[PDB]
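K.L.:
Contents of start-v1.cif (mmCIF, C-alpha atoms) are given next:
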```cif
data_model
loop_
_atom_site.group_PDB
_atom_site.id
_atom_site.type_symbol
_atom_site.label_atom_id
_atom_site.label_comp_id
_atom_site.auth_asym_id
_atom_site.auth_seq_id
_atom_site.Cartn_x
_atom_site.Cartn_y
_atom_site.Cartn_z
ATOM 1 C CA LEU Q 53 29.323 9.297 -24.520
ATOM 2 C CA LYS Q 54 29.710 5.752 -23.150
ATOM 3 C CA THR Q 55 33.438 5.531 -22.332
ATOM 4 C CA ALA Q 56 33.863 3.513 -19.145
ATOM 5 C CA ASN Q 57 37.520 2.515 -19.527
ATOM 6 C CA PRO Q 58 39.883 4.613 -17.386
ATOM 7 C CA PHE Q 59 42.562 3.821 -19.979
ATOM 8 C CA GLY Q 60 40.426 5.453 -22.657
ATOM 9 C CA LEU Q 61 39.775 8.412 -20.372
ATOM 10 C CA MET Q 62 43.504 8.883 -19.772
ATOM 11 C CA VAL Q 63 44.110 8.642 -23.525
ATOM 12 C CA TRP Q 64 41.476 11.341 -24.026
ATOM 13 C CA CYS Q 65 43.301 13.434 -21.428
ATOM 14 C CA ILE Q 66 46.562 12.996 -23.341
ATOM 15 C CA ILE Q 67 44.703 14.083 -26.480
ATOM 16 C CA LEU Q 68 43.388 17.221 -24.779
ATOM 17 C CA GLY Q 69 46.476 17.909 -22.653
ATOM 18 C CA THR Q 70 44.692 18.243 -19.311
ATOM 19 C CA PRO Q 71 46.532 16.929 -16.244
ATOM 20 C CA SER Q 72 45.102 13.654 -15.014
ATOM 21 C CA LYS Q 73 46.207 13.005 -11.428
ATOM 22 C CA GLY Q 74 43.567 15.398 -10.081
ATOM 23 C CA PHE Q 75 40.782 12.874 -10.730
ATOM 24 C CA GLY Q 76 39.696 9.683 -9.033
ATOM 25 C CA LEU Q 77 40.128 6.974 -11.652
ATOM 26 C CA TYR Q 78 38.535 3.643 -10.757
ATOM 27 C CA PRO Q 79 36.845 1.649 -7.980
ATOM 28 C CA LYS Q 80 38.485 -1.586 -9.171
ATOM 29 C CA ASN Q 81 40.658 -4.062 -7.262
ATOM 30 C CA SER Q 82 43.790 -2.345 -8.608
ATOM 31 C CA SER Q 83 43.288 0.268 -5.888
ATOM 32 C CA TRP Q 84 45.409 -0.370 -2.817
ATOM 33 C CA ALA Q 85 43.986 -2.709 -0.155
ATOM 34 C CA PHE Q 86 41.050 -4.261 -1.987
ATOM 35 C CA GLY Q 87 39.821 -7.843 -2.109
ATOM 36 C CA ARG Q 88 36.819 -10.129 -2.283
ATOM 37 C CA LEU Q 89 36.880 -10.684 1.490
ATOM 38 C CA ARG Q 90 39.252 -7.932 2.782
ATOM 39 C CA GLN Q 91 37.721 -8.493 6.236
ATOM 40 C CA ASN Q 92 41.079 -9.193 7.890
ATOM 41 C CA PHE Q 93 43.436 -6.571 9.350
ATOM 42 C CA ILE Q 94 40.435 -4.226 9.700
ATOM 43 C CA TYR Q 95 38.316 -3.347 12.712
ATOM 44 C CA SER Q 96 35.757 -6.133 12.237
ATOM 45 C CA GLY Q 97 33.661 -5.493 15.350
ATOM 46 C CA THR Q 98 35.972 -7.560 17.542
ATOM 47 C CA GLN Q 99 38.005 -4.355 17.969
ATOM 48 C CA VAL Q 100 35.824 -1.420 16.842
ATOM 49 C CA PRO Q 101 32.406 -1.146 15.134
ATOM 50 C CA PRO Q 102 32.988 0.883 11.959
ATOM 51 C CA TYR U 314 68.063 8.498 1.461
ATOM 52 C CA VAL U 315 67.054 10.907 -1.302
ATOM 53 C CA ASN U 316 65.285 14.272 -1.380
ATOM 54 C CA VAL U 317 63.623 15.382 -4.617
ATOM 55 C CA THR U 318 61.914 18.664 -5.491
ATOM 56 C CA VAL U 319 59.736 18.846 -8.589
ATOM 57 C CA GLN U 320 57.140 21.072 -10.229
ATOM 58 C CA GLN U 321 54.090 19.456 -11.791
ATOM 59 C CA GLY U 322 54.263 21.333 -15.092
ATOM 60 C CA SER U 323 51.116 20.767 -17.163
ATOM 61 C CA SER U 324 50.387 17.056 -16.553
ATOM 62 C CA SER U 325 50.251 15.726 -13.003
ATOM 63 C CA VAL U 326 52.006 12.471 -12.082
ATOM 64 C CA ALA U 327 51.360 10.284 -9.058
ATOM 65 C CA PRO U 328 54.369 10.303 -6.688
ATOM 66 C CA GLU U 329 54.115 6.535 -6.275
ATOM 67 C CA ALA U 330 54.675 6.066 -10.020
ATOM 68 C CA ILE U 331 57.928 8.037 -9.907
ATOM 69 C CA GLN U 332 58.969 6.206 -6.741
ATOM 70 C CA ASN U 333 58.338 2.831 -8.391
ATOM 71 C CA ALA U 334 60.295 3.864 -11.479
ATOM 72 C CA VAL U 335 63.244 4.911 -9.318
ATOM 73 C CA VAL U 336 63.250 1.873 -7.027
ATOM 74 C CA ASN U 337 63.118 -0.431 -10.024
ATOM 75 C CA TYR U 338 65.966 1.523 -11.574
ATOM 76 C CA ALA U 339 67.707 0.394 -8.394
ATOM 77 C CA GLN U 340 67.483 -3.092 -9.899
ATOM 78 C CA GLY U 341 67.544 -1.593 -13.391
ATOM 79 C CA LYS U 342 64.866 -2.969 -15.708
ATOM 80 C CA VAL U 343 66.276 -0.774 -18.471
ATOM 81 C CA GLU U 344 69.041 -1.877 -20.809
ATOM 82 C CA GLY U 345 72.553 -0.547 -20.377
ATOM 83 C CA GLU U 346 72.297 0.163 -16.633
ATOM 84 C CA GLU U 347 73.701 -2.478 -14.294
ATOM 85 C CA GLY U 348 72.164 -0.950 -11.171
ATOM 86 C CA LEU U 349 73.429 -0.799 -7.600
ATOM 87 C CA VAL U 350 75.978 -3.614 -7.684
ATOM 88 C CA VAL U 351 78.648 -4.167 -5.035
ATOM 89 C CA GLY U 352 80.986 -1.195 -4.813
ATOM 90 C CA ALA U 353 78.727 1.112 -6.839
ATOM 91 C CA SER U 354 78.339 4.702 -5.693
ATOM 92 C CA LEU U 355 75.147 6.622 -6.412
ATOM 93 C CA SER U 356 74.677 10.229 -7.495
ATOM 94 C CA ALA U 357 71.613 12.427 -7.810
ATOM 95 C CA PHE U 358 72.655 13.077 -11.408
ATOM 96 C CA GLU U 359 72.224 9.410 -12.319
ATOM 97 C CA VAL U 360 68.832 9.253 -10.590
ATOM 98 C CA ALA U 361 67.697 12.350 -12.478
ATOM 99 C CA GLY U 362 68.935 10.763 -15.695
ATOM 100 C CA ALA U 363 66.958 7.605 -14.969
ATOM 101 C CA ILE U 364 63.849 9.713 -14.367
ATOM 102 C CA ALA U 365 64.420 11.665 -17.583
#
```
Could you spell out this file's structure in structure tokens?
P.N.:
Amino acid sequence: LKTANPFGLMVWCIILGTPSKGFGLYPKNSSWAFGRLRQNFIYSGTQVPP
Amino acid sequence: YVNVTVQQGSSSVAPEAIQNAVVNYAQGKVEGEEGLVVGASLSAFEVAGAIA
């Protein structure tokens, strides 16, 4: 009822047998191309207003 | 260059996970496998064995 850990959710999935890669897991930094600033290499208004 | 065909089965796996496992088998984290040393041919059978 309060599980927030994606690891616990994946363990639950293994318990129940459902496939897991059909679900978005986490918004954390572990996702590709994330950072505290992350303002570089992106269209930061000098190129394109996003 | 390698081509791989696979069916999901009953538990989906991210392709990047399999790719990482294979490319690190190229250096061979696992015991008993030297890897791709000088003068070492490669076969799809060995890659499938590493995956298994």
K.L.:
Skipping near chain neighbours, those fewer than 2 positions away, what residues fall within 12 Å of residue 361 of chain U using all atoms listed in the file, listed as an MDAnalysis selection string?
P.N.:
chainID U and resid 315:319 331 334:335 338 355:359 363:365
K.L.:
Written as a VMD selection string, what is the full residue list that the PyMOL selection byres ((chain Q) within 8 of (chain U)) yields on the file shown?
P.N.:
chain Q and resid 69 to 74
K.L.:
For the residues in the current selection, export C-alpha atoms as a PDB file, keeping the file's coordinate frame.
P.N.:
```pdb
ATOM      1  CA  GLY Q  69      46.476  17.909 -22.653  1.00  0.00           C
ATOM      2  CA  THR Q  70      44.692  18.243 -19.311  1.00  0.00           C
ATOM      3  CA  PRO Q  71      46.532  16.929 -16.244  1.00  0.00           C
ATOM      4  CA  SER Q  72      45.102  13.654 -15.014  1.00  0.00           C
ATOM      5  CA  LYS Q  73      46.207  13.005 -11.428  1.00  0.00           C
ATOM      6  CA  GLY Q  74      43.567  15.398 -10.081  1.00  0.00           C
TER       7      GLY Q  74
END
```
K.L.:
Can you tell me how far atom CA of residue 360 of chain U sits from atom CA of residue 320 of chain U, in Å to one decimal?
P.N.:
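Result for atom CA of residue 360 of chain U versus atom CA of residue 320 of chain U: 16.6 Å, one decimal.
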K.L.:
Would you work out the distance separating atom CA of residue 65 of chain Q from atom CA of residue 86 of chain Q, expressed in Å to one decimal?
P.N.:
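Computing it gives 26.4 Å between the two atoms.
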K.L.:
I'd like the residues picked by the PyMOL selection byres ((chain Q and resi 78) around 12) written out as number ranges by chain, using the chain letters and numbers from the file.
P.N.:
Q: 56-59, 61-62, 75-77, 79-84
K.L.:
Work out how far apart atom CA of residue 336 of chain U and atom CA of residue 352 of chain U are and give it in Å to one decimal.
P.N.:
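Going from atom CA of residue 336 of chain U over to atom CA of residue 352 of chain U covers 18.1 Å.
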K.L.:
Provide an axis-aligned box for all listed atoms of segment 346-353 of chain U, padding each side by 5 Å; report its centre and its edge lengths in Å to one decimal, as AutoDock Vina command-line options.
P.N.:
```
--center_x 76.6 --center_y -1.5 --center_z -10.7 --size_x 18.8 --size_y 15.3 --size_z 21.8
```
